[PDB]
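Taken one at a time, structure 1 and structure 2 that follow are two forms of one protein chain, written as structure tokens.
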Structure 1
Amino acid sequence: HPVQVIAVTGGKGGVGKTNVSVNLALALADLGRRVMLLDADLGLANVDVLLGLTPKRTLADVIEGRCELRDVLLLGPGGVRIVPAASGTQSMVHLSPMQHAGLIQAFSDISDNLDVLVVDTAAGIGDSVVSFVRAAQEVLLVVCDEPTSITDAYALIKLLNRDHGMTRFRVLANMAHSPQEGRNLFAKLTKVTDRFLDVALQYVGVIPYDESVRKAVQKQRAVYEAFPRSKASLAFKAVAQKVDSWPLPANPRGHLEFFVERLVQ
């Protein structure tokens, strides 16, 4: 009955957050879930770009009061409903906290036959990212095997734990050149978090470095749709299996979150 909500994040730019959000959403749809994908990079939208879509309206039109969320939904590959964001619209480059809250609350109107909401967050760890991450039920950090990505992911985990008491994080290694590289990267991250924090990290697995992803970005088609048998796409199906076995939320927590009414039952 509750809707699973996954915030795809990781702090560091360019580690594959949007590629992961897009292709995980597709892989979940392919597994048989009803999936919605919110582009929460609100003023620098990329989900539509990666799928080659040209929305007539976006969240800018909702935020500015010209239409409702249901008006902007797009029926994407495998029936993933896409909520498209804006690309440089003044209105969307700084939403107030009240506008964030109103937007997150507005999703309760389109929740009807929905199993999973995937939220693609912007780069960084500012208040907007953190509001979307906190509003979700699961936090999926995308990490690459470079010191800057490990440091930024750790900084995000530290902020969410220190300032908001969050303790459970899902870690996906992306662009690994071997499965052992993904495992070794998870080991590097857990070394730092074990040393300084008390948090629970689950290793979800790895998305391999794959030229098919680069080709798909150039084609502006999801690698999962355009190269369904590439290593990256097979890896997304495996990740989707892991994600689908996550426990569903039971109770509302006390703060701003998606679909609170359904959590109250």
Structure 2
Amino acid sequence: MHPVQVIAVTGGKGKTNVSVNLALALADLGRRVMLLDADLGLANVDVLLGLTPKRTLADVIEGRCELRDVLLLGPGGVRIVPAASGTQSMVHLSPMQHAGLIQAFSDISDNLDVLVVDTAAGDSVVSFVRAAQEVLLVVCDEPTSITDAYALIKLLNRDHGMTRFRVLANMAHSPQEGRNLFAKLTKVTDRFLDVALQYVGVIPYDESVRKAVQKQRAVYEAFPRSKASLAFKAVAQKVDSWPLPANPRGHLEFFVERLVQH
């Protein structure tokens, strides 16, 4: 009935993992979800630490294994596809690699409602962000957060034709502080760009987040009725209200199409 929704989340990992908690909150609303792990920065350090997964999405694209062979289970049982080890350009794929890409995302799409793409790199990441239906920019009260958010909008706008962005204030100590953050970004993008920002809201500063982090758990899973978790539920409600991709339900063909061109 509905096409698969695809959301890219940029920023927001104060240890506060927005993609994982959004995925859990969406599942709690009855959506079938999956995470795509596209944090290049993290992957690069992990290589030196021997932390690279044995198999990744790149291996599926190369036809070495199937999608089900690379799935990991994260907090609350959310399924994760490792996707930050690609050394190949999504626009210089061979027919064999293209077929592997189609296969990977066909398999990802099976019985799926929402794919959440987690990213942290200004590439072989950006492909996933540009191809996503919605981009969720996570911003906080740290000094460089707003300018980092801006620099990313500038890049996606100028280099990848992207013109609309969702903005979430993470761990804001008050609604006013979240509003100020959005007001600043709006004023700056107003002057230099022609883009449309939309303010999703605030994940409130919450001691439960640290408490969950120290237990190596996601706050939504550990403490589903803490203030931050209730805010993630509300975000998840907003997210299921964003427009779906403009095509009938298929097997994520639209996303693969965007990855390889445009």
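All residue numbers here follow the sequence of structure 1, with the first residue given the number 1. Rigid core (definition): largest C-alpha set, two forms, superposition within 1.5 Å.
For the set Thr193, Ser87, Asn161, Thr151, a Cα shift of at least 2 angstroms between structure 1 and structure 2, after rigid core superposition, holds for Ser87 and for no other residue. Relative to the superposed rigid core, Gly182 undergoes a CA displacement smaller than 2 Å between structure 1 and structure 2. Comparing the forms between structure 1 and structure 2 on their rigid core, the Cα displacement of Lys237 stays under 2 Å. Superposition of the core reveals a Cα shift of 2 Å or more for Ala60 between structure 1 and structure 2. CA movement of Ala135 between structure 1 and structure 2 equals 2.2 Å, with the two forms superposed on the rigid core. Comparison between structure 1 and structure 2 places the CA of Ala222 1.0 angstrom away from its other position, after core fitting. Shown is the Cα shift of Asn113 between structure 1 and structure 2 after rigid core superposition, which amounts to 0.6 Å.
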